[PDB]
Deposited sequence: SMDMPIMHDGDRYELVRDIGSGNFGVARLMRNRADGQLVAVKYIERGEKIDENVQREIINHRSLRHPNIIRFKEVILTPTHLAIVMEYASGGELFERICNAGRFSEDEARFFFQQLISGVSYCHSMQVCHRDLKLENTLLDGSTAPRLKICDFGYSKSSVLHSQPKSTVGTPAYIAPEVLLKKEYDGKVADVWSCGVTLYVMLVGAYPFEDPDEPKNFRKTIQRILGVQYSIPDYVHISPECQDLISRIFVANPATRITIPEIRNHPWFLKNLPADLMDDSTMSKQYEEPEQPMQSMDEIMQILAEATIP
């Protein structure tokens, strides 16, 4: 369930949705600025706990263009409403499918945004967070802004060490994921996974563990691009290229935009969350 529509003076109801990265959510248009927002609802009472509070505070702290940004919490008679930015250009993956594959320059356009967002997320973490890299979103149709869904309310993406080791560095596993996104942009399909046997997980995992992939002969990529890919897809996390090293890689640096180079008070939010614990 979702409660009835509310705050109609500030928001227009666009549509209630039931799937995708926002799950069960309400899409709204802000009447003041015209921006689309996704609203998630949590029932008032026992569900409003310290986890919710931390998730909200964490979310709120993320101020970077390539992350889905928190807007506000609103108290309703029956639910806490969590309002955040909505990405209206679909999934990155669907844009790749539509294109067949991206050119090197288009892949770079998105990869620069991805890495920048991931580097930002990493800089704000005390612990690894599932950034949902398998499903990044796009905002806008033309020159789309990539959106990572750093919030929470195919096995091709899993790095070898995530399967094999008791302990692993989550940031280094994210590098592998970024490489999987780069590959799918350049090739038009996932590496490792058999396109005719997508649910043969065992087969995909054995290929991950062996780092068994190839870029098709008809896909021509520059040496700098090959260099980046080869340095991401190494099984040993200790030898994998790091995010700072990617940010200084010549393929990443080429055509880097100037921007990528180099609200309620917390008091109000906390008071709303406190009130929301009462049904």
item	value
Missing segments of the deposited chain sequence, listed N- to C-terminal	1-2, 156-170, 280-293
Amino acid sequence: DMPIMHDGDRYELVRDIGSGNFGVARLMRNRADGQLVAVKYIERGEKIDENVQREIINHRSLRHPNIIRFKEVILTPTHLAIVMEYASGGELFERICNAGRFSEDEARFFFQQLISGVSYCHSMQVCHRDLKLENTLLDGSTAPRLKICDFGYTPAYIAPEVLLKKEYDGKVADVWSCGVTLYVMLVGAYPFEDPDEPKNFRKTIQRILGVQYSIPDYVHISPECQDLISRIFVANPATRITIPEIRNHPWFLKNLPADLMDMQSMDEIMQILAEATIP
From here on, numbers count along this sequence of modelled residues.
property: Higher-B stretch (mean Cα B-factor, as the entry records it), 84-92 or 127-135; result: 127-135
property: 238-246 versus 215-223 - which carries the larger mean C-alpha B factor in the record; result: 215-223
property: Top residue by Cα temperature factor, when 72, 174, 104, 196 are compared in the entry; result: 196
property: Cα B factor band for residue 166 (lowest, middle or highest third within the chain); result: highest
property: Third of the chain's Cα B-factor distribution that residue 62 belongs to, per the entry; result: middle
property: Relative C-alpha B-factor of residue 100, binned into the chain's lowest, middle or highest third; result: lowest
property: Modelled-residue ranking by C-alpha temperature factor, third containing residue 188; result: lowest
property: Third of the chain, ranked by Cα B-factor, where residue 115 sits; result: lowest
